[PDB]
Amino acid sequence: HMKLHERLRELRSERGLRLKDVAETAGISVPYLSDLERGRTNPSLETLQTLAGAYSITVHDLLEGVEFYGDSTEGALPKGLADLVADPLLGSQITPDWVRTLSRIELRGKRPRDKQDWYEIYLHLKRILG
């Protein structure tokens, strides 16, 4: 179920549903569904809502466990700073302006990689500045 098309057939397969059942429910043809399940074509977001509705799950729950492969895009923020922002428990009090300030920090193409490290930088910087 790691690939999206593999997950789609898994949902149908584990429920023991025939292609026509899912297709008639989703208002789409068996050949189109079959193409989606084989990965020949890529579903649109609207198609995912309908497929997820057929399986009585949310799109977010449908995409659970799905790896999208594809090309890789470098993150806008450093991973440690991004993870800190992503973590609700740690760095929640950090204002958006501070995230921008921290983002500019970088050393010689080398940056500290721990979310905890970025939190300490913020605390020390916030004490000195602001």
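All residue numbers are counted from 1 along the displayed sequence.
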**Study point:** Mean C-alpha B-factor comparison - 33 to 41 and 63 to 71, higher one
**Key:** 63 to 71
Revision key, fill the gap. When mean C-alpha B-factors in the record are compared for 88 to 96 and 46 to 54, the larger belongs to 88 to 96
Exercise for review: Please rank the C-alpha B-factors of the chain's modelled residues and tell me whether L123 sits in the lowest, middle or highest third.
Suggested key: middle
Revision key, fill the gap. So, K20's CA B-factor, relative to its chain, sits in which third? The middle
Point to revise | Within-chain third of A76 by Cα B-factor, per the entry | key: middle
Review point. Relative to the other modelled residues in the chain, which third contains the C-alpha temperature factor of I105: lowest, middle or highest?
Key: highest
